[PDB]
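Peer 1: One structure follows; several queries about it will come next.
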Amino acid sequence: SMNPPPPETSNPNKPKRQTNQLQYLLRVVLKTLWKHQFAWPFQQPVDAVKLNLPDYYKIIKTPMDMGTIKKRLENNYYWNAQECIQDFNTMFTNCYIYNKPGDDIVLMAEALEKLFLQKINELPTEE
Ligand SMILES: CNCc1ccc(-c2ccc3c(c2)[C@H](NC(=O)OC(C)C)C[C@H](C)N3C(C)=O)cc1
């Protein structure tokens with residue numbers, strides 16, 4: 001059981017709402033990154049067992065990925081848009097913590113992050 005369980009994606013005890021910013025985060029931000037050429041390593045949790053990287057979860061204690069983020073948005077897990085934005089930022093930061101400059105995965109993360117920032121710079125207004 002070398003991998004940790006994946007992050008929680010649903011919780012019936014948290015209140016739920018739909019906001020225009022949350023719609024944008026799923027329909028524009030997540031979907032645009034998801035289809036990107038470099039999205040695939042980030043579409044599910046890092047499988048440290050299959051990659052045979054037993055130090056990954058020794059280093060990364062707040063894992064996050066777009067598969068999880070997608071489910072969180074679909075399940076109304078986030079109340080505030082910033083909770084979702086923070087999950088994206090955590091995902092990128094983890095990649096930068098574990099890997100090194102010049103690694104293909106870092107270039108991939110940098111490209112996705114630039115696109116992410118372009119899209120959240122056009123986040124719609126709050127209710
Ligand atoms: C059939 N399995 C396909 C697959 C292979 C590798 C990865 C994957 C996921 C996460 C990460 C990796 C691979 C990185 N390995 C690597 O060779 O990256 C290439 C593919 C760019 C290392 C690092 C721990 N990392 C992250 C996200 O930090 C995902 C799916």
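Naming scheme: A, B, ... for chains in displayed order of the structure tokens; residues 1 onward per chain; ligands 1 onward as shown.
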Find the spatial neighbours of residue 64 of chain A, counting only C-alpha atoms, within a cut-off of 7 Å - ignore same-chain residues fewer than 3 positions away - and output them as a ChimeraX atom specification.
Peer 2: /A:45,68,87,90-91
Peer 1: Please build the interface table for chain A against ligand 1 with a cut-off of 6 Å, listing for each qualifying residue the nearest atom pair and the distance in Å to one decimal; count only C-alpha atoms and all ligand atoms, order rows by chain and increasing number, and write it as a Markdown table.
Peer 2:
```
| residue | atom | partner | partner_atom_place_in_ligand_line | distance |
| --- | --- | --- | --- | --- |
| A:41 | CA | ligand 1 | 29 (C) | 4.0 |
| A:42 | CA | ligand 1 | 27 (C) | 5.7 |
| A:46 | CA | ligand 1 | 10 (C) | 4.8 |
| A:95 | CA | ligand 1 | 28 (O) | 4.2 |
| A:104 | CA | ligand 1 | 21 (C) | 4.8 |
| A:105 | CA | ligand 1 | 21 (C) | 3.8 |
```
Peer 1: Please report the interatomic distance between atom CA of residue 49 of chain A and atom CA of residue 10 of chain A in Å with one decimal.
Peer 2: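 According to the coordinates, atom CA of residue 49 of chain A and atom CA of residue 10 of chain A are separated by 24.7 Å.
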Peer 1: Set the distance at 12 Å and use only C-alpha atoms: which residues neighbour segment 20-22 of chain A once local chain neighbours fewer than 5 positions away are removed? I'd like the list as an MDAnalysis selection string.
Peer 2: chainID A and resid 27:30 69:70 72:85 119:127
Peer 1: If you count only C-alpha atoms, which residues fall within 8 Å of residue 98 of chain A, apart from same-chain ones fewer than 4 positions away, as a PyMOL selection string?
Peer 2: chain A and resi 56+59-60+94
Peer 1: Selection from above, N, CA and C atoms, as an mmCIF file, in the first residue's frame, can you write it?
Peer 2:
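Result saved to again-v4.cif:
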```cif
data_model
loop_
_atom_site.group_PDB
_atom_site.id
_atom_site.type_symbol
_atom_site.label_atom_id
_atom_site.label_comp_id
_atom_site.auth_asym_id
_atom_site.auth_seq_id
_atom_site.Cartn_x
_atom_site.Cartn_y
_atom_site.Cartn_z
ATOM 1 N N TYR A 56 8.511 10.052 -3.230
ATOM 2 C CA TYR A 56 7.566 11.093 -3.648
ATOM 3 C C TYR A 56 6.661 11.540 -2.499
ATOM 4 N N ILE A 59 8.239 13.422 0.373
ATOM 5 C CA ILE A 59 8.507 14.828 0.080
ATOM 6 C C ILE A 59 7.215 15.629 -0.049
ATOM 7 N N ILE A 60 6.239 15.062 -0.761
ATOM 8 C CA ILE A 60 4.967 15.730 -1.054
ATOM 9 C C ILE A 60 3.872 15.232 -0.108
ATOM 10 N N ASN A 94 3.970 21.296 -6.135
ATOM 11 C CA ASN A 94 4.459 19.946 -5.862
ATOM 12 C C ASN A 94 5.428 19.477 -6.951
#
```
Peer 1: Take atom CA of residue 89 of chain A and atom CA of residue 11 of chain A and report the distance between them in Å, one decimal.
Peer 2: 21.9 Å
Peer 1: Please give the complete set of residues from segment 3-80 of chain A that DSSP, run on the backbone, assigns to helix (DSSP H, G or I), formatted as a CSV table (one decimal) with C-alpha atoms, in the first residue's frame.
Peer 2:
```
chain,number,residue,atom,x,y,z
A,20,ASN,CA,-20.3,31.8,-11.9
A,21,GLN,CA,-16.7,31.6,-10.8
A,22,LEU,CA,-17.0,27.9,-10.0
A,23,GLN,CA,-18.7,27.3,-13.3
A,24,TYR,CA,-15.8,29.1,-15.0
A,25,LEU,CA,-13.2,27.0,-13.1
A,26,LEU,CA,-14.8,23.7,-14.3
A,27,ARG,CA,-16.0,24.7,-17.8
A,28,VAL,CA,-13.1,27.0,-18.9
A,29,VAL,CA,-10.1,26.5,-16.7
A,30,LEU,CA,-10.2,22.8,-16.0
A,31,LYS,CA,-11.5,21.8,-19.4
A,32,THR,CA,-8.9,23.9,-21.3
A,33,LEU,CA,-6.0,22.5,-19.3
A,34,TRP,CA,-7.4,19.0,-19.5
A,40,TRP,CA,-1.8,13.7,-19.0
A,41,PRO,CA,0.7,13.3,-16.1
A,42,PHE,CA,-1.6,15.7,-14.1
A,56,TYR,CA,7.6,11.1,-3.6
A,57,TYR,CA,5.1,10.9,-0.7
A,58,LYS,CA,8.0,11.4,1.7
A,59,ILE,CA,8.5,14.8,0.1
A,66,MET,CA,-6.6,17.7,-12.0
A,67,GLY,CA,-8.5,14.4,-11.8
A,68,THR,CA,-9.2,15.2,-8.2
A,69,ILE,CA,-9.9,18.9,-9.0
A,70,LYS,CA,-12.4,17.9,-11.7
A,71,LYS,CA,-14.3,15.6,-9.3
A,72,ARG,CA,-14.3,18.3,-6.6
A,73,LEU,CA,-15.9,20.8,-9.0
A,74,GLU,CA,-18.4,18.2,-10.2
```
